[PDB]
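Asks: Just need the structure, nothing else, for what follows:
(chains A, B, C and D, ligands or ions: 2)
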Amino acid sequence: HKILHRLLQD
Amino acid sequence: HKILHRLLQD
Amino acid sequence: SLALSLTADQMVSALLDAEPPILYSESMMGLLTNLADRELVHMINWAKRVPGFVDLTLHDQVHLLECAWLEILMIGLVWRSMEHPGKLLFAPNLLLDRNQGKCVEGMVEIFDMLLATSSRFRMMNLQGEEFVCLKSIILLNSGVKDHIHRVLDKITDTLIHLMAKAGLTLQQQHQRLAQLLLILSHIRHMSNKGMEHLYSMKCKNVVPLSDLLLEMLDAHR
Amino acid sequence: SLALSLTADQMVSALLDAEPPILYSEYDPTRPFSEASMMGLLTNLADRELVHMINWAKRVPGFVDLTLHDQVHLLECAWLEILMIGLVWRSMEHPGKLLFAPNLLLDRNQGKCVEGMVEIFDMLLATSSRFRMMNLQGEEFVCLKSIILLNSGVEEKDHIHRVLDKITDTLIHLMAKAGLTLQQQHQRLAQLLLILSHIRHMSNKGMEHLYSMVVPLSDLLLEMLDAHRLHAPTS
Ligand SMILES: CC(=C(c1ccc(O)cc1)c1ccc(O)cc1)c1ccc2ccccc2c1
Ligand SMILES: CC(=C(c1ccc(O)cc1)c1ccc(O)cc1)c1ccc2ccccc2c1
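Replies: Numbering: from 1, shown residues only, chains lettered A, B, ... in the order given. Ligands and ions are numbered 1, 2, ... in the order given. Sharing the structure here:
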């Protein structure tokens, strides 16, 4: 869940 | 031999 | 050969003619295994009646069938389930819904995907003439310029011919063609997960797969 | 609603500029090598590749127009597929070998000592061989790869559908520009997509091996794997 969400927001 | 092998023959 | 000798219309007739029948079922995996096993016998003679499949050597026929058998079984199920939103028509007497998928591992996950695919065909207004073309492709594309590619081109030309007949424009033809072939990827996926669970519950000694299913299964593993 | 307006040319350009780089492994050419952790190098490679893929996908026309969850779902389902098509793409010029990195070239015999490698290896070669004989072009490559991203997701995703049609029209444009007849454009379009199914096949084989079990998978690589857990596999 988390990690992919964070990497999709730059 | 194998069932698939035999059926393909006839 | 033979396949490369047929016109587009003659190719369609041969495939519609080659069509295997809809069977009836005879614990959930037991009924599905029994049905599948009986379906596989029809599929083999169906394959032999697919133009260009007999041109191949016996060795290549075994490979392609060992590779596509579950894919082909699934596109059949999906096809005849179209008139039943939210339910799967394995047989005219065995119409299962998503919920019948529980108890047994992986079935509800695979059911969802099969249902999804069925809705996709439903929205695309898939036709029988298109359906038999896709089934033939799956058979020829399961493995692994040459013969098989030359036949796949003939079937593609046939699909294009069918669409043009339906009244589709050139632009609508390559889009729909693309749309159809993309769904085949989902079919490959569902089949992969199907065999994966199949082999697992085979190891777990749960479902008694028939001899024919045991052989096909080990052709992957 | 901006990808739906892009012409075929400016569609290829957007995808071409979205292209992630080719990375290198941590392999050392000066010292002897051991196939006791090819999977370690591959894992480290795949992990670093994923980050670049994530941002590449965000530069795929129409992808951002989706919600996170959709973007997440597509990435979770297609990450290994996309890695495997890029790998196969750059392995065309090296028959019988897989070019994981310009410093990490792999032959069939490395396919040994490591379980599942051989089978997947031979599958990757065949796909590369098919692409090689089909003479796959770079413009076509980025098109097919973006389709995998948008199609691997097994109020209507009709947005994705309109974008899929877009990419399709783009491919036809390339083939027409190449000089293919209408029949050849159809046949070639068909063949390229048929090979995508094999890419689906190989990815699924790679998956069940990967989450069977050093191997020191990353935090992120564990996520992309667990998405293929209970949503599909088999305890
Ligand atoms: C859906 C399915 C099977 C099936 C496919 C087509 C058809 O016309 C009838 C049944 C099936 C195939 C072989 C079997 O031995 C049993 C069922 C299928 C495939 C794999 C599955 C794996 C886990 C759970 C359910 C499954 C159902
Ligand atoms: C081929 C492959 C991996 C890979 C794919 C693309 C790429 O650019 C680089 C490497 C790979 C993916 C994830 C990993 O954690 C490790 C390698 C791959 C995938 C699964 C395998 C399973 C068993 C044996 C070999 C495998 C290789």
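Asks: Within range of chain D, give me the residues from chain C.
Replies: By C-beta under 8 Å from any C-beta of the partner chain, the residues of chain C that approach chain D are C:105-106, C:109, C:113, C:116-117, C:137, C:141, C:144-145, C:149, C:152-153, C:156-157, C:160, C:170-171, C:173-175, C:177-179, C:181-182, C:184-190, C:192-193, C:196-197, C:200-201. C-beta: built from backbone N, CA, C; applies to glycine.
Asks: Identify the residues contacting stretch C:203-217?
Replies: Applying C-beta atoms under 8 Å, 6 or more residues apart in numbering or on different chains, the external contacts of stretch C:203-217 come out as B:2-4, C:29-30, C:33-34, C:36-37, C:40-41, C:65-66, C:69-70, C:195, C:198-199, C:201-202.
Asks: count of neighbours near residue C:140?
Replies: Per other C-beta atoms under 10 Å in any protein chain shown, the neighbour tally for residue C:140 reads 23.
Asks: Next one: it from residue C:5, what distance?
Replies: 17 Å (C-beta to C-beta, to the nearest Å).
Asks: Name only those of the residues of chain C next to chain D that count as buried.
Replies: The neighbour count (16 or more other C-beta atoms under 10 Å in any protein chain shown) marks C:105-106, C:109, C:113, C:117, C:137, C:141, C:149, C:152-153, C:156-157, C:160, C:173-175, C:177-179, C:181-182, C:184-190, C:192-193, C:196-197, C:200-201 as buried among the residues of chain C next to chain D.
Asks: Nearest the geometric middle of chain C, what residue?
Replies: With distances taken as C-alpha atoms, centre = their mean, residue C:72 lies nearest the centre of chain C, 2.0 Å away.
Asks: isn't that one right next to residue C:135, touching?
Replies: Yes - using C-beta atoms under 8 Å, residue C:72 is in contact with residue C:135, at 5.9 Å.
Asks: residue contacts, residue 4?
Replies: The chain I'm using is chain A. By C-beta under 8 Å, 6+ apart, the contact list for residue A:4 reads D:54, D:72, D:75, D:76, D:220, D:223, D:224.
Asks: look at chain C instead
Replies: Taking C-beta under 8 Å, 6+ apart, we find residue C:4 in contact with C:52, C:150, C:151, C:154.
Asks: For those, which entry has the maximal number of neighbours?
Replies: Highest neighbour count within those, by other C-beta under 10 Å: residue C:151, with 25 neighbours.
Asks: what kind of secondary structure is the closest residue to it other than its chain neighbours in?
Replies: Spatially, and ignoring its direct neighbours in sequence, residue C:151 is nearest to residue C:52 (4.0 Å; C-beta to C-beta, 6 or more residues apart in numbering or on different chains). Here residue C:52 is recorded as coil under DSSP: H, G, I helix; E, B strand; the rest coil.
Asks: Next, give phi and psi for residue C:89.
Replies: Per-residue torsions, residue C:89: phi -100, psi 80 (degrees, to the nearest 10).
Asks: What strand or helix carries residue C:90?
Replies: Here residue C:90 sits within strand C:87-91, counting by DSSP states H and E.
Asks: Distance from that strand to the middle of the chain?
Replies: 14 Å (C-alpha atoms, centre = their mean, to the nearest Å).
Asks: Lovely, talk soon.
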